[PDB]
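*Asks:* Sharing a structure with you now.
Since every read-out is calculated from the coordinates, none of them should be taken as a lab result. Backbone-built Cβ (ideal geometry, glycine too); neighbour counts: all protein chains shown.
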Amino acid sequence: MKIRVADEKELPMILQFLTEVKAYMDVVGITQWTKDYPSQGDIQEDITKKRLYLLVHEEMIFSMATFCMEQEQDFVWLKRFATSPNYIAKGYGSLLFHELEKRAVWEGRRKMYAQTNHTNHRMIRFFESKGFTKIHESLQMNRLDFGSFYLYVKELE
């Protein structure tokens, strides 16, 4: 608390954070992320591209998400959205989410895309509760073992 873009200097923190979240996810039995996704290359690129936001205070990341707003485009993409297991109960994921939705709304966007693995029921419920709708299924490269990923769209206003 509060929310801002991530500095190159914090990757450090964000790799640590990603490791806690992967550990949680796969104890829970969610087959989504791996050793290599998200990897350093992924988050460097997002920092570089002014793309990755943090819910943060001092040196403590509560939640993070990469938000794709593209040049003269109609839509946005929520990707690699994750909250620290310690802070899920407080609902900080929802804070980070509603702020990003706000940004897209009077940047004029009218569609928001997001994705989860079929085993991620928390996140499936989350998107449904935010008014997303499942519209497609697909495999992901370098993650074929995990099977179906679901695509969600929310009409923005």
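*Asks:* Modelled label-to-label distance, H57 and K9, 7 Å Cα→beta-carbon offset: nm?
*Replies:* Inter-label distance under the simple model: 2.1 nm.
*Asks:* Debye calculation, C-alpha points only, no solvent: report log10 I(q)/I(0) for region 1-54 at q = 0.13, 0.18, 0.23, 0.27 Å⁻¹, in the same order as the q values.
*Replies:* -0.34, -0.63, -0.91, -1.08
*Asks:* Now for a separate question. List the chymotrypsin sites (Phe, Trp or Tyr not before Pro) within region 83-157 that DSSP assigns to loop and that have no more than 16 neighbouring Cβ atoms inside 10 Å.
*Replies:* Within region 83-157, the qualifying chymotrypsin sites (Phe, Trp or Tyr not before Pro) (loop, at most 16 other Cβ atoms within 10 Å) are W106.
*Asks:* Something else now. In sequence order, what are the phi-derived ³J(HN,Hα) couplings for region 132-146 according to the Karplus relation 6.51 cos²θ - 1.76 cosθ + 1.60 with θ = phi - 60°, rounded to whole Hz, with x for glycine and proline?
*Replies:* With the stated coefficients, region 132-146 comes to 6, 9, 6, 10, 6, 10, 6, 8, 10, 4, 6, 7, 5, 4, 7 Hz.
*Asks:* I'd like the GluC sites (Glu not before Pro) in region 82-140 restricted to DSSP loop residues with at most 12 other Cβ atoms within 10 Å, sorted by number.
*Replies:* Passing both the DSSP loop test and the Cβ count: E107.
*Asks:* Let me ask something additional. What's the longest bit of the chain with no exposed trypsin sites (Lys or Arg not before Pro), using DSSP loop states and at most 16 other Cβ atoms within 10 Å as the test?
*Replies:* Counting at most 16 other Cβ atoms within 10 Å as exposed, the longest clean stretch of the chain is 51-89.
*Asks:* Expected output is a single nm value to one decimal: the length gained when fully extending between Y24 and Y87, i.e. 0.36 nm times separation in residues minus the C-alpha distance. What is it?
*Replies:* 21.5 nm
*Asks:* Under unit Cβ charges (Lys, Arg +1; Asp, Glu -1), what dipole magnitude, rounded to 20 debye, does the chain have relative to its Cα centre?
*Replies:* Here the chain has a charge dipole of around 360 debye.
*Asks:* Next up: Out of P12, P85, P38, any idea which swings most in a Gaussian network model of the chain, alpha carbons joined below 10 Å?
*Replies:* Highest fluctuation of the listed residues: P12.
*Asks:* Sticking with this one: Measuring from the lowest to the highest alpha carbon on each principal axis, how far does the chain reach, largest first, in angstroms?
*Replies:* Per principal axis, max minus min of the Cα coordinates gives 35, 34, 30 Å.
*Asks:* Oh, and also: Would you work out which of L78, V153, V56 lies farthest towards the positive end of the dipole of the chain, given +1 charges on the beta-carbon of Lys and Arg and -1 on that of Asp and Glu, about the Cα centre?
*Replies:* Checking the options against the dipole of the chain, the answer is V153.
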